[PDB]
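Chemist: Coordinates for the following, if possible.
(2 chains)
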Amino acid sequence: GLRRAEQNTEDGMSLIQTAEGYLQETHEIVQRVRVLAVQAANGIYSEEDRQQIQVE
Amino acid sequence: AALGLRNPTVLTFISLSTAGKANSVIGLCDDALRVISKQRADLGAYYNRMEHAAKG
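Modeler: Residues are numbered from 1 along each chain as shown, chains lettered A, B, ... in the order given. Below is the structure in question.
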């Protein structure tokens, strides 16, 4: 049982490892929204220009 | 035809052989650029998304 329960833990950490692996890119994209929101909130853009930001 | 520089039915494009006509081609070429810029905005928008997906 001790040998088996360790392998259950061995793949137990594997499940958490893959779950965080997907959340890595999820964090990246919301940052890409963050930088674009800084550009969009300016006072020099037109509706044609700001909608191209909305496209992405 | 799509950009408005040609008539999809009459099949005649813009001409500059008249001073009055040339004044009206400046306005059309401006909206011609808007469509090209709009399309490039979407292609750039997908490419950034495709870049993130490959990384993840």
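Chemist: Residues of chain B that sit close to chain A?
Modeler: Contacts of chain B with chain A, taken as CB under 8 Å from any CB of the partner chain, map to B:34, B:37-38, B:41-42, B:44-45, B:48-49, B:52-53, B:55-56. (Each C-beta comes from the backbone N, C-alpha and C, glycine too.)
Chemist: Now, those residues that are in helices?
Modeler: Residues of the residues of chain B next to chain A located in helices (DSSP state H): B:34, B:37-38, B:41-42, B:44-45, B:48-49, B:52-53, B:55.
Chemist: which residues in chain A form helices?
Modeler: Taking DSSP H as the criterion, chain A carries its helices at A:2-40, A:47-55.
Chemist: could I get the ones in helices among the residues of chain B next to chain A as JSON lines with neighbour count and distance to residue A:48?
Modeler: Below are these laid out as JSON lines (neighbours: other CB atoms under 10 Å in any protein chain shown; distance: CB to CB, whole Å):
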{"residue": "B:34", "neighbour count": "13", "distance to residue A:48": "6"}
{"residue": "B:37", "neighbour count": "12", "distance to residue A:48": "8"}
{"residue": "B:38", "neighbour count": "13", "distance to residue A:48": "8"}
{"residue": "B:41", "neighbour count": "17", "distance to residue A:48": "10"}
{"residue": "B:42", "neighbour count": "12", "distance to residue A:48": "14"}
{"residue": "B:44", "neighbour count": "13", "distance to residue A:48": "15"}
{"residue": "B:45", "neighbour count": "15", "distance to residue A:48": "15"}
{"residue": "B:48", "neighbour count": "13", "distance to residue A:48": "20"}
{"residue": "B:49", "neighbour count": "13", "distance to residue A:48": "21"}
{"residue": "B:52", "neighbour count": "14", "distance to residue A:48": "26"}
{"residue": "B:53", "neighbour count": "10", "distance to residue A:48": "28"}
{"residue": "B:55", "neighbour count": "9", "distance to residue A:48": "31"}
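Chemist: Closest one to residue A:30 out of those, please.
Modeler: Using CB to CB, residue B:52 comes nearest to residue A:30 of these, at 11.0 Å.
Chemist: For chain A, give me its nearest residue in chain B.
Modeler: Chain B approaches chain A most closely through residue B:56 (3.4 Å), counting by CB to the nearest CB.
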